[PDB]
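Reproduced below: my_file26.json, with JSON, C-alpha atoms.
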[["chain", "number", "residue", "atom", "x", "y", "z"],
["A", 1, "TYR", "CA", -2.48, 10.73, 12.39],
["A", 2, "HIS", "CA", 1.01, 12.03, 11.69],
["A", 3, "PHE", "CA", 1.57, 12.59, 7.98],
["A", 4, "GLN", "CA", 4.56, 13.05, 5.73],
["A", 5, "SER", "CA", 4.43, 14.06, 2.08],
["A", 6, "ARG", "CA", 6.59, 13.96, -1.03],
["A", 7, "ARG", "CA", 6.38, 15.32, -4.53],
["A", 8, "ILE", "CA", 4.20, 13.37, -6.92],
["A", 9, "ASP", "CA", 5.85, 10.81, -9.22],
["A", 10, "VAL", "CA", 3.71, 10.31, -12.33],
["A", 11, "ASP", "CA", 5.00, 6.84, -13.17],
["A", 12, "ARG", "CA", 4.47, 5.56, -9.61],
["A", 13, "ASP", "CA", 1.37, 7.47, -8.54],
["A", 14, "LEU", "CA", -0.78, 7.64, -11.68],
["A", 15, "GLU", "CA", -2.77, 4.47, -11.05],
["A", 16, "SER", "CA", -3.67, 5.55, -7.52],
["A", 17, "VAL", "CA", -4.54, 9.15, -8.39],
["A", 18, "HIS", "CA", -6.70, 8.01, -11.30],
["A", 19, "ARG", "CA", -8.51, 5.59, -8.97],
["A", 20, "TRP", "CA", -9.17, 8.31, -6.40],
["A", 21, "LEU", "CA", -10.48, 10.69, -9.04],
["A", 22, "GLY", "CA", -12.98, 8.04, -10.13],
["A", 23, "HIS", "CA", -14.63, 7.71, -6.75],
["A", 24, "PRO", "CA", -17.92, 9.64, -6.54],
["A", 25, "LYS", "CA", -16.81, 11.49, -3.40],
["A", 26, "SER", "CA", -14.10, 13.15, -5.54],
["A", 27, "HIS", "CA", -16.63, 14.58, -7.99],
["A", 28, "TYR", "CA", -15.73, 18.23, -7.44],
["A", 29, "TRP", "CA", -12.45, 17.43, -9.22],
["A", 30, "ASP", "CA", -14.53, 16.78, -12.37],
["A", 31, "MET", "CA", -12.44, 13.76, -13.38],
["A", 32, "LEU", "CA", -14.86, 10.89, -12.64],
["A", 33, "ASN", "CA", -14.72, 9.40, -16.16],
["A", 34, "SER", "CA", -11.20, 10.38, -17.12],
["A", 35, "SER", "CA", -8.54, 8.24, -18.75],
["A", 36, "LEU", "CA", -5.08, 7.54, -17.38],
["A", 37, "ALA", "CA", -3.70, 9.89, -20.06],
["A", 38, "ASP", "CA", -6.06, 12.64, -18.89],
["A", 39, "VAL", "CA", -4.83, 12.28, -15.32],
["A", 40, "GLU", "CA", -1.20, 12.21, -16.47],
["A", 41, "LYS", "CA", -1.85, 15.52, -18.26],
["A", 42, "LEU", "CA", -3.46, 16.94, -15.09],
["A", 43, "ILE", "CA", -0.43, 16.03, -13.02],
["A", 44, "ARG", "CA", 2.12, 17.23, -15.57],
["A", 45, "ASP", "CA", 0.28, 20.54, -16.05],
["A", 46, "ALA", "CA", 0.23, 21.04, -12.28],
["A", 47, "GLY", "CA", 3.99, 20.56, -12.29],
["A", 48, "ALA", "CA", 4.82, 22.91, -15.17],
["A", 49, "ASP", "CA", 5.10, 26.28, -13.45],
["A", 50, "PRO", "CA", 8.58, 27.81, -13.60],
["A", 51, "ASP", "CA", 8.69, 28.04, -9.81],
["A", 52, "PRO", "CA", 9.49, 24.69, -8.13],
["A", 53, "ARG", "CA", 7.38, 25.40, -5.04],
["A", 54, "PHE", "CA", 4.25, 24.58, -7.05],
["A", 55, "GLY", "CA", 2.98, 21.13, -7.99],
["A", 56, "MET", "CA", 1.24, 18.11, -6.61],
["A", 57, "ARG", "CA", 2.28, 16.19, -3.47],
["A", 58, "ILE", "CA", 1.25, 12.83, -2.00],
["A", 59, "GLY", "CA", 0.68, 12.36, 1.73],
["A", 60, "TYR", "CA", 1.64, 9.15, 3.56],
["A", 61, "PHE", "CA", 0.82, 7.48, 6.85],
["A", 62, "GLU", "CA", 2.18, 4.05, 7.91],
["A", 63, "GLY", "CA", 3.58, 3.56, 4.43],
["A", 64, "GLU", "CA", 0.27, 4.04, 2.61],
["A", 65, "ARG", "CA", -0.95, 6.86, 0.40],
["A", 66, "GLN", "CA", -3.57, 8.99, 2.14],
["A", 67, "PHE", "CA", -4.22, 12.08, 0.03],
["A", 68, "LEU", "CA", -2.99, 14.31, -2.77],
["A", 69, "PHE", "CA", -2.65, 18.07, -2.60],
["A", 70, "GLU", "CA", -1.75, 20.68, -5.16],
["A", 71, "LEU", "CA", 0.02, 23.94, -4.34],
["A", 72, "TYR", "CA", -0.63, 26.08, -7.39],
["A", 73, "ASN", "CA", 0.18, 29.47, -8.81],
["A", 74, "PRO", "CA", -2.91, 31.67, -8.46],
["A", 75, "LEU", "CA", -1.83, 33.71, -11.50],
["A", 76, "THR", "CA", -2.43, 30.71, -13.79],
["A", 77, "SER", "CA", -5.78, 29.72, -12.28],
["A", 78, "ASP", "CA", -9.41, 30.87, -12.41],
["A", 79, "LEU", "CA", -8.50, 33.30, -9.63],
["A", 80, "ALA", "CA", -6.62, 35.43, -12.13],
["A", 81, "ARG", "CA", -9.50, 35.87, -14.57],
["A", 82, "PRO", "CA", -10.15, 39.62, -14.94],
["A", 83, "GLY", "CA", -12.81, 40.82, -12.56],
["A", 84, "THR", "CA", -12.99, 38.00, -10.00],
["A", 85, "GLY", "CA", -12.09, 40.29, -7.12],
["A", 86, "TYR", "CA", -9.01, 38.27, -6.23],
["A", 87, "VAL", "CA", -6.19, 40.66, -5.25],
["A", 88, "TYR", "CA", -2.86, 38.89, -5.75],
["A", 89, "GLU", "CA", -0.20, 39.37, -3.08],
["A", 90, "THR", "CA", 3.38, 38.19, -3.46],
["A", 91, "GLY", "CA", 3.66, 34.86, -1.69],
["A", 92, "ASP", "CA", 0.12, 33.70, -2.43],
["A", 93, "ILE", "CA", -0.28, 29.96, -3.07],
["A", 94, "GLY", "CA", -3.46, 28.22, -4.15],
["A", 95, "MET", "CA", -4.43, 24.87, -2.71],
["A", 96, "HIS", "CA", -6.51, 21.87, -3.82],
["A", 97, "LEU", "CA", -7.02, 18.66, -1.83],
["A", 98, "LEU", "CA", -7.94, 15.11, -2.98],
["A", 99, "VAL", "CA", -8.37, 12.44, -0.32],
["A", 100, "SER", "CA", -7.83, 8.79, -1.14],
["A", 101, "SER", "CA", -10.81, 6.59, -1.92],
["A", 102, "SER", "CA", -10.28, 4.53, 1.25],
["A", 103, "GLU", "CA", -13.25, 4.86, 3.60],
["A", 104, "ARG", "CA", -11.53, 3.57, 6.77],
["A", 105, "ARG", "CA", -10.23, 6.44, 8.92],
["A", 106, "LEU", "CA", -9.26, 7.19, 12.51],
["A", 107, "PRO", "CA", -10.75, 10.24, 14.28],
["A", 108, "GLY", "CA", -9.90, 13.68, 12.92],
["A", 109, "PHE", "CA", -8.45, 12.50, 9.61],
["A", 110, "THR", "CA", -9.26, 15.59, 7.54],
["A", 111, "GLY", "CA", -8.17, 18.00, 10.28],
["A", 112, "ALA", "CA", -4.77, 16.35, 10.46],
["A", 113, "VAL", "CA", -4.61, 16.36, 6.65],
["A", 114, "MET", "CA", -5.39, 20.08, 6.45],
["A", 115, "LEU", "CA", -2.92, 21.01, 9.18],
["A", 116, "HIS", "CA", -0.21, 19.08, 7.34],
["A", 117, "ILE", "CA", -1.01, 20.79, 4.05],
["A", 118, "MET", "CA", -1.09, 24.24, 5.58],
["A", 119, "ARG", "CA", 2.18, 23.73, 7.46],
["A", 120, "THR", "CA", 3.74, 22.53, 4.21],
["A", 121, "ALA", "CA", 2.47, 25.57, 2.32],
["A", 122, "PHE", "CA", 3.73, 28.10, 4.85],
["A", 123, "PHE", "CA", 6.88, 26.45, 6.17],
["A", 124, "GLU", "CA", 8.19, 24.40, 3.25],
["A", 125, "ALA", "CA", 6.84, 26.26, 0.21],
["A", 126, "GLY", "CA", 7.22, 29.77, 1.58],
["A", 127, "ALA", "CA", 3.63, 30.91, 1.31],
["A", 128, "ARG", "CA", 2.59, 34.14, 2.92],
["A", 129, "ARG", "CA", -1.09, 33.38, 2.28],
["A", 130, "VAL", "CA", -3.05, 30.36, 1.04],
["A", 131, "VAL", "CA", -5.97, 30.99, -1.32],
["A", 132, "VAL", "CA", -8.79, 28.58, -2.15],
["A", 133, "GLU", "CA", -11.73, 28.77, -4.54],
["A", 134, "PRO", "CA", -14.03, 25.78, -3.97],
["A", 135, "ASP", "CA", -17.49, 25.50, -5.45],
["A", 136, "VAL", "CA", -19.97, 27.34, -3.23],
["A", 137, "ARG", "CA", -21.95, 24.10, -2.93],
["A", 138, "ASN", "CA", -18.96, 22.11, -1.52],
["A", 139, "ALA", "CA", -19.95, 22.54, 2.11],
["A", 140, "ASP", "CA", -17.57, 19.87, 3.43],
["A", 141, "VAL", "CA", -14.54, 21.81, 2.18],
["A", 142, "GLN", "CA", -15.89, 25.07, 3.60],
["A", 143, "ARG", "CA", -15.93, 23.59, 7.09],
["A", 144, "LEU", "CA", -12.45, 22.10, 6.64],
["A", 145, "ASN", "CA", -11.22, 25.53, 5.59],
["A", 146, "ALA", "CA", -12.80, 27.22, 8.60],
["A", 147, "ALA", "CA", -11.12, 24.62, 10.83],
["A", 148, "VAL", "CA", -7.64, 25.93, 9.94],
["A", 149, "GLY", "CA", -8.43, 29.63, 9.92],
["A", 150, "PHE", "CA", -9.59, 30.50, 6.41],
["A", 151, "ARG", "CA", -11.75, 33.61, 6.07],
["A", 152, "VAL", "CA", -14.30, 33.92, 3.29],
["A", 153, "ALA", "CA", -13.74, 36.91, 1.03],
["A", 154, "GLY", "CA", -16.74, 36.46, -1.27],
["A", 155, "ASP", "CA", -18.08, 34.54, -4.23],
["A", 156, "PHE", "CA", -17.25, 34.97, -7.91],
["A", 157, "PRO", "CA", -18.57, 33.50, -11.17],
["A", 158, "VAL", "CA", -16.70, 31.18, -13.52],
["A", 159, "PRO", "CA", -18.39, 29.64, -16.57],
["A", 160, "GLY", "CA", -20.51, 26.86, -15.13],
["A", 161, "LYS", "CA", -19.38, 27.34, -11.53],
["A", 162, "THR", "CA", -19.79, 29.71, -8.61],
["A", 163, "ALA", "CA", -16.60, 29.79, -6.51],
["A", 164, "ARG", "CA", -16.17, 30.92, -2.90],
["A", 165, "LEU", "CA", -12.86, 32.75, -2.47],
["A", 166, "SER", "CA", -11.27, 32.21, 0.95],
["A", 167, "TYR", "CA", -7.89, 33.32, 2.30],
["A", 168, "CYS", "CA", -5.62, 32.07, 5.10],
["A", 169, "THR", "CA", -2.78, 34.44, 5.89],
["A", 170, "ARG", "CA", 0.40, 33.23, 7.53],
["A", 171, "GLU", "CA", -0.39, 35.58, 10.41],
["A", 172, "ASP", "CA", -3.93, 34.22, 10.87],
["A", 173, "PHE", "CA", -2.64, 30.65, 10.74],
["A", 174, "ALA", "CA", -0.16, 31.49, 13.51],
["A", 175, "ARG", "CA", -2.82, 33.10, 15.69],
["A", 176, "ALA", "CA", -5.63, 30.62, 15.10],
["A", 177, "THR", "CA", -3.82, 27.26, 15.07],
["A", 178, "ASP", "CA", -0.55, 28.03, 16.93],
["A", 179, "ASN", "CA", 1.32, 27.56, 13.65],
["A", 180, "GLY", "CA", -0.42, 24.31, 12.87],
["A", 181, "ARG", "CA", -0.54, 22.61, 16.26],
["A", 182, "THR", "CA", -4.33, 22.53, 16.65],
["A", 183, "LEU", "CA", -7.47, 23.34, 14.72],
["A", 184, "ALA", "CA", -8.73, 26.91, 14.81]]
Using C-alpha cells, write down the structure from this file.
Amino acid sequence: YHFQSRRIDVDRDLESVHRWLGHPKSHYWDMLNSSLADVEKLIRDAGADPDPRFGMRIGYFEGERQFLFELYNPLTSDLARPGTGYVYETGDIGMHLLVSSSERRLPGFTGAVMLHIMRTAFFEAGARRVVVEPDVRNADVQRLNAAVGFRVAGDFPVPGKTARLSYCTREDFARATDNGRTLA
C-alpha cells in the first residue's frame, strides 16, 4: 500500500462516508443509524475551526477511497473538558480514523494507513504531537496506536465513555518509526 490523501469534499464524499459509518465495524464512531444530513453536519463541524490545518481528509489507493481521517483541534474536543488530565502543548493535533467498509485488503493495510496519517499530521499539518482518546474498550485501535509509537498517558471519564489518552510526539515518531518509514 502507498496512499495519498486530499481534503474531504462534502458533495462528493458524503455518500461514501455515510455508508462507512453505517457498517457495524465503525460503531465506535456512534453514527450507525445516522442520516445523510447528520453526516454532513459531522463533516462541516470538523471543518469549521479557524485554523486550516484541521478537518477531515480522504485517503486513496489505485483511485479508490480507502479511509477517512480527522485532524482536530484538541481545545474543542473532550480532551479540553476541565479535569481530564490532558495538558495542551502548542502544536498538538487530535486524530480520528475511519476505515472504509470494504473487507478486501492486502497485508499490513492499517499499518500503512496509520503511517500515512501520522506523516501527514507531522509533515503536512505541522503537528508537534498527535493526541488520541479512544474508548478504553477499543483494543484494535490501541494496538494500531502502539504500532506507530503512541504512549498511553492514562484514562479519563466522559459522560457515558471511558477514554484512554495516548500521545505521539514528533520526536518519538522520529525515533520509533524513522519518521514514518516502518512500524515502531
Pick from A:111, A:94, A:74, A:85: nearest to residue A:144, with all atoms listed in the file counted? A:111
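Taking atom CA of residue A:140 and atom CA of residue A:12 as the two end points, the separation is 29.3 Å.
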Find the residue from A:124, A:51, A:70, A:62 that sits nearest to residue A:98; use all atoms listed in the file when measuring.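 Closest residue, counting all atoms listed in the file: A:70.
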At what distance in Å, to one decimal, does atom CA of residue A:77 lie from atom CA of residue A:158?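 These two atoms are separated by 11.1 Å.
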Spatial neighbours of residue A:49, max dist 12 Å, all atoms listed in the file, sep filter under 4 positions, as a PDB file with C-alpha atoms, in the coordinates of the input:
ATOM      1  CA  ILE A  43      -0.430  16.030 -13.020  1.00  0.00           C
ATOM      2  CA  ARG A  44       2.120  17.230 -15.570  1.00  0.00           C
ATOM      3  CA  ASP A  45       0.280  20.540 -16.050  1.00  0.00           C
ATOM      4  CA  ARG A  53       7.380  25.400  -5.040  1.00  0.00           C
ATOM      5  CA  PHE A  54       4.250  24.580  -7.050  1.00  0.00           C
ATOM      6  CA  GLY A  55       2.980  21.130  -7.990  1.00  0.00           C
ATOM      7  CA  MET A  56       1.240  18.110  -6.610  1.00  0.00           C
ATOM      8  CA  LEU A  71       0.020  23.940  -4.340  1.00  0.00           C
ATOM      9  CA  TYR A  72      -0.630  26.080  -7.390  1.00  0.00           C
ATOM     10  CA  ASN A  73       0.180  29.470  -8.810  1.00  0.00           C
ATOM     11  CA  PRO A  74      -2.910  31.670  -8.460  1.00  0.00           C
ATOM     12  CA  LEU A  75      -1.830  33.710 -11.500  1.00  0.00           C
ATOM     13  CA  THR A  76      -2.430  30.710 -13.790  1.00  0.00           C
ATOM     14  CA  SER A  77      -5.780  29.720 -12.280  1.00  0.00           C
TER      15      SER A  77
END
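Taking atom CA of residue A:69 and atom CA of residue A:92 as the two end points, the separation is 15.9 Å.
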Spatial neighbours of residue A:20, 8 Å, only C-alpha atoms, chain gap at least 3 places, as a PyMOL selection string: chain A and resi 16-17+23+26+98-101
From the list A:31, A:163, A:174, A:37, which residue is nearest residue A:142 when using all atoms listed in the file?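 For residue A:142, the nearest of the candidates is A:163.
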Which is closer to residue A:134 than all the others in A:81, A:119, A:96, A:105, using all atoms listed in the file?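 Counting all atoms listed in the file, the residue closest to residue A:134 is A:96.
Remark: for residue A:67, the closest of the candidate residues A:179, A:162, A:169, A:4 is A:4 (distances computed over only C-alpha atoms).
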Which of these, A:123, A:151, A:97, A:171, has the shortest distance to residue A:68 once you count all atoms listed in the file?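 Using all atoms listed in the file, residue A:68 sits closest to A:97.
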